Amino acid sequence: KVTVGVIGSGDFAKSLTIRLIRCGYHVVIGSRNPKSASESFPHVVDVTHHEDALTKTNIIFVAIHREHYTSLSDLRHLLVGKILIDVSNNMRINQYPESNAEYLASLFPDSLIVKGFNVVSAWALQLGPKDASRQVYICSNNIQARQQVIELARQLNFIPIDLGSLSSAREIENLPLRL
């Protein structure tokens, strides 16, 4: 099985892990407190510290809030060359001077940041998206990483919508707040 990583152990990380397992992946979780977090996951999931989880995969969902991104900054060297999927949402339209994905890309300039899956609710990862709204909006400045995440979305039974460069991340983040 291909291994996919998830950082964090909350509602989104748990829902994502369900969907990844159902669609044939092996999941490794990076948690601040993996002994405690291990009960939030089945035994088939490898729950460990961030620095161990990153050695087991090249594709990592960053299932934490923007305000906690800097808690990962000491991992920068270990994260070089890895794909980081920015799934985050904000409470306000155009909340910060940069989109969350551009902010993550600035923290990890030698990682490959891809925006995606922020429009999918935790409940939709468990049940599946509504048939008229299977779309997941994906973008990145790295074409190869963008295509890898597009293929992952297809394997998770979503319809990937390729919006090109990471400049698209701002309005992808505004979309849940717009109607």
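In case it trips you up, residue 1 is the first one in the sequence shown, and so on.
- Here 63-71 and 124-132 are compared by their mean Cα B-factor, and 124-132 comes out higher.
- In this entry, 43-51 shows the higher mean Cα temperature factor of the pair 136-144 and 43-51.
- By the numbers in the PDB entry, the CA B factor is greatest at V2 among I7, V2, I172, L177.
- Looking at the C-alpha B-factors along this chain, the one for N118 belongs to the lowest third.
- Placement of the Cα temperature factor of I83 within the chain: lowest third of the modelled residues, per the deposited record.
- Ranked by Cα temperature factor within the chain, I29 sits in the middle third according to the deposited record.
- Ranked by C-alpha B-factor against the other modelled residues of its chain, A37 falls in the highest third.
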